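In the structure tokens that follow, a single protein chain appears in two forms: structure 1, then structure 2.
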Structure 1
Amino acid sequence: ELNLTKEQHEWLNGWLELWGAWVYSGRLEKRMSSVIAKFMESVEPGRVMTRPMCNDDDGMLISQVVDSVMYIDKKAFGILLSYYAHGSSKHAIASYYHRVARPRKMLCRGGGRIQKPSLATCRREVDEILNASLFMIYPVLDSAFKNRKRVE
């Protein structure tokens, strides 16, 4: 129901694309996030990084913010990592989540019947998860950048 404004969304998305490129290269200290460390264990040592990545300071700050906000919802954290860190597309994530989808009570069109959600529902849910993650991350990251600019 709640989304970010266009400017806030594009800003946070640029930052998160840079941060995901930085994380996927293996420059994040494993101690800074157990979730991201476990996610990185299944990545090949020799990687081809053709995406822009931020510096190490910004990477560390963004990682702190993302870990502090997303460690509660491990599913959304994993989706966020697959999208920004690994670079998978929303369609591919929705496809994987449609393949391994437990039957659920589908409503309205589904007649409140238990059945596996359609691919369209999985696409919508992935979009919703990403938008909600960004909506919650925005203010924390903004305040972090502002406090870094002030204290320094």
Structure 2
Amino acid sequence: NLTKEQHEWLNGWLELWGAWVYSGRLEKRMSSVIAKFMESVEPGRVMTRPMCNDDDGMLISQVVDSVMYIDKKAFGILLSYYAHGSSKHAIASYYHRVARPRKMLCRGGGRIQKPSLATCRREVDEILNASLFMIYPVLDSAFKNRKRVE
């Protein structure tokens, strides 16, 4: 996990980027995942959250896509949380509803069972923390590189 300070920093940036993405300002060509996600929402919503400028939005989008494309589930969770603004409970409840049976090595032997809501919620928290951990060095380097050259 990121430090507390790294986490506050990256979380703030991803809140601004998520509002920017949600407003529809990312070219579909920049990320098939984000484009499909934005298709899946509801048009006609008002904007209630501040966003970053377009340069920062594009940069963060490029970073996020280059890191998260490998794990479409984690990417979608990240977008639900930051772009759609869905709570962690809402995200976890969706995945609980659609969860597949799992092989669980419980005390005494294995059994087949779908995961509990608490399990799904813990996993959503873990996935968000892991995504931020993977994004952080790439975004930090991206901002630093931009300033260094420009």
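The first residue in the sequence of structure 1 is number 1, and each one after it adds one. We call the rigid core the largest set of C-alpha positions that still match within 1.5 Å between the two forms.
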**Asked** Which is the one residue in 109, 31, 102, 99 whose C-alpha moves 2 Å or more between structures 1 and 2, relative to the superposed rigid core?
**Response** 109
**Message:** For residue 57, does the CA position differ by 2 Å or more between structures 1 and 2 when the superposition is done on the rigid core?
**Reply:** no
**Asked** Comparing between structures 1 and 2 on the rigid core, is the C-alpha shift at residue 119 2 Å or larger?
**Response** no
**Item:** Rigid-core-fitted C-alpha displacement of residue 44 between structures 1 and 2 (angstrom)
**Value:** 2.9
